[PDB]
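Everything below concerns the one structure shown next.
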Amino acid sequence: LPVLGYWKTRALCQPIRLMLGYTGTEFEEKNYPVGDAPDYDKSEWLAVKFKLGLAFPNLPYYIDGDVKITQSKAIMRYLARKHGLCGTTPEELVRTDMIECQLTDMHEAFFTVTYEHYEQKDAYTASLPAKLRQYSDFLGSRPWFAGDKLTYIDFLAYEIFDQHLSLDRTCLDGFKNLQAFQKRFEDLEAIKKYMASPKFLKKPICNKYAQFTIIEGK
Amino acid sequence: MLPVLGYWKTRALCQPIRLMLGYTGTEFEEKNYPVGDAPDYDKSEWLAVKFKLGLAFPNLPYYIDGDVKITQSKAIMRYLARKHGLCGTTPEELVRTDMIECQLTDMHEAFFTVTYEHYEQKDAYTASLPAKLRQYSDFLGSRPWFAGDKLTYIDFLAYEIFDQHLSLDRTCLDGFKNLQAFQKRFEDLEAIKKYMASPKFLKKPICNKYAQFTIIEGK
Ligand SMILES: N[C@@H](CCC(=O)N[C@@H](CS)C(=O)NCC(=O)O)C(=O)O
Ligand SMILES: N[C@@H](CCC(=O)N[C@@H](CS)C(=O)NCC(=O)O)C(=O)O
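Chain order of the listed sequences is A and B.
Each number in full-length UniProt numbering comes from the position in the first sequence (counting from 1) with 1 added on.
With the first letter of the second sequence counted as 1, position 207 gets the number 207 in full-length UniProt numbering; the numbers rise by one all the way through.
Take a look at the structure:
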């Protein structure tokens, strides 16, 4: 059976958990503790990090038979290929590639603010309307970002949007179609059942040493 | 009508795309935007057209090809890679190219950080390289290309990142003979070689005008 290793956080692992839940893929989650401040010790992870067979040790990792993967996007694409969640046509694939990279940039910008520079918060929330407009416009009246077909990048998008809503609950207010997107994803029957299940991880979004985690406790 | 690659007059993250287009012989206008002098480093021109190109996520680089309009460097690379037979085929090749694309992307950001804003930490950065390059060395092994027997778009990424890193520290590949062999193999392909002897080929600047590494080295 497959093993998913990560912190006990959402961060950039959640879109993977969401894919696994949507597909009814049984998996084993391996977490690693982070100690209390100020050292935030990670000895357990460090004790095994180079002993797992991974070409480039990191979190999250995915161990599936003799398939051993790091890089969260490499893992989403891997699962995508096994469960019909890749783009199909050339027009679909340029949409999914582009937005995968754009969401990655956004998620990094979110991490920058939420971990070490949470004093830049009101500036970060001020730049979101312009960013979200670009997604709003890109999605248009499509049910999913690639068009008619649900793809792995909808999982990434939903989760990043949802995390930003935790940071700023009004950030989707000006964009009806983006609000309709979150609801569409949440209403997928397999998503709705996963999110009601015992393994669903609601908190925390970031790790314990992120300022966002320390101040808001989400 | 036929394709426009838009970027600064630098190598940075757009050169691996230039290396792909060159290898495939595809004709493209490269459209450039200027950057003003210190202290302003003006970008009025680019900023004047940036939102008027019909790009979904306006940015540099971009690639315009008929009604196809693309931003995100890796997205452009993957698009060229599907077009020209430079994707992996095997399940094992695809999991290898995905991982290394993403790994090189991280590595490249770490390099940009040090060369643009934190060039004071350069000795610490160079000292960090061996452990990272060791990972790339072992990953590659005796294969001629990172995906296996087959040349893919992520060799175009790996060669340029390693070459930029050689411009930073001439000694960085020294303990890794397969990696050094890789730079020359890529350099030895005939589409590559002629592209490099072409006048349009960019050797410098690696980074933009306002990078500390550029101000100091002038490469
Ligand atoms: N580009 C990587 C970033 C992975 C990453 O930064 N993981 C963090 C947690 S979000 C980490 O703890 N990395 C290093 C480590 O665990 O040793 C990916 O997408 O997977
Ligand atoms: N993740 C993006 C990064 C794009 C990017 O950072 N572009 C820089 C130059 S390296 C830029 O000047 N963009 C133009 C802008 O901000 O308007 C990619 O891989 O293309």
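Just so you know, even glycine gets a beta-carbon here, dropped at the ideal spot from N, CA and C.
Option nearest residue i by Cα separation, candidates the options
i         : options                                    : result
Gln-212/B : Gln-164/B, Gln-180/B, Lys-122/B            : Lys-122/B
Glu-109/B : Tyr-125/B, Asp-98/B, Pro-3/B, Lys-209/B    : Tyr-125/B
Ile-64/B  : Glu-30/B, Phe-176/B, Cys-87/B              : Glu-30/B
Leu-133/B : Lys-150/B, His-165/B, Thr-113/B, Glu-120/B : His-165/B
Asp-149/A : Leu-157/A, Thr-214/A, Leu-94/A             : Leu-94/A
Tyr-41/A  : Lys-219/A, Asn-208/A, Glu-217/A            : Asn-208/A
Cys-14/A  : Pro-144/A, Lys-204/A, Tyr-210/A, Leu-86/A  : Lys-204/A
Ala-158/B : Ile-100/B, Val-114/B, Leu-189/B, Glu-120/B : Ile-100/B
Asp-67/B  : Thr-90/B, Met-1/B, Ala-12/B                : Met-1/B
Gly-218/B : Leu-168/B, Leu-21/B, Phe-146/B             : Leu-168/B
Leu-151/B : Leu-202/B, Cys-172/B, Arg-185/B            : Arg-185/B
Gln-72/B  : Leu-202/B, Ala-191/B, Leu-5/B              : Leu-5/B
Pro-3/A   : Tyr-116/A, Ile-70/A, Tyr-23/A              : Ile-70/A
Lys-193/A : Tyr-7/A, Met-20/A, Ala-12/A                : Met-20/A
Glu-190/A : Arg-18/A, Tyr-23/A, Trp-8/A, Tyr-7/A       : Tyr-23/A
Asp-98/B  : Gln-103/A, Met-107/A, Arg-82/A, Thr-115/A  : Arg-82/A
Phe-28/B  : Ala-38/B, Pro-39/B, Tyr-7/B                : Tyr-7/B
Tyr-210/A : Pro-130/A, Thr-115/A, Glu-92/A, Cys-172/A  : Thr-115/A
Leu-86/B  : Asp-155/B, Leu-140/B, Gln-103/B, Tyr-136/B : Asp-155/B
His-84/A  : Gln-180/A, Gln-135/A, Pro-144/A, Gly-25/A  : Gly-25/A
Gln-103/A : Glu-92/A, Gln-135/A, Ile-206/A             : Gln-135/A
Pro-144/A : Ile-206/A, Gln-180/A, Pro-39/A, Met-107/A  : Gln-180/A
Cβ-based burial, residue i [other Cβ within 10 Å; buried from 16]
i             : result
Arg-96/A      : buried
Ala-127/A     : exposed
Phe-182/A     : buried
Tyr-153/B     : buried
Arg-170/A     : exposed
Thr-90/A      : exposed
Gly-54/B      : exposed
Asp-188/A     : exposed
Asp-138/B     : exposed
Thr-214/A     : buried
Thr-105/A     : buried
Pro-16/A      : buried
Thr-10/A      : buried
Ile-216/B     : exposed
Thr-113/A     : exposed
residue 223/B : For chain B, the structure presents residues 1 to 219; residue 223/B sits outside this window and is missing.
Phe-146/B     : buried
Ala-12/B      : buried
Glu-160/A     : buried
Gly-88/A      : buried
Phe-51/B      : exposed
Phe-162/A     : buried
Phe-201/B     : exposed
Closer than 7 Å: residue i CB and nearest ligand 3 heavy atom
i        : result
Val-35/B : As for ligand 3, it is missing from this structure, which binds only ligand 1 and ligand 2.
Chain D residues whose Cβ lies nearer than 9 Å to that of residue i
i        : result
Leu-94/A : No chain D appears in this structure, whose protein chains are A and B.
Output, in sequence order along the chain, the residues in the stretch 41 to 70 of chain A whose CB is closer than 7 Å to any CB in chain B.
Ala-56, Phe-57, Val-68, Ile-70
At a cut of 8 Å, does the stretch 42 to 53 of chain B reach the stretch 76 to 86 of chain A through at least three beta carbon pairs?
no
Tell me which residues pass a beta-carbon proximity test against ligand 2: closer than 7 Å to any heavy atom, given in chain order.
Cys-102/A, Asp-106/A, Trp-8/B, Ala-12/B, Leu-13/B, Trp-46/B, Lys-50/B, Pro-58/B, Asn-59/B, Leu-60/B, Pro-61/B, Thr-71/B, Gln-72/B, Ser-73/B, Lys-74/B
Is there contact between the stretch 33 to 42 of chain B and the stretch 167 to 178 of chain B, where contact requires at least three CB pairs shorter than 8 Å?
no
Are at least three pairs of beta-carbons, each pair with one atom in the stretch 197 to 204 of chain A and one in the stretch 54 to 63 of chain A, less than 8 Å apart?
no
Give, in chain order, every residue of the stretch 116 to 129 of chain B whose Cβ lies closer than 7 Å to some Cβ of chain A.
none
Selection of the stretch 151 to 173 of chain A by Cβ proximity to chain B, strictly under 9 Å
none
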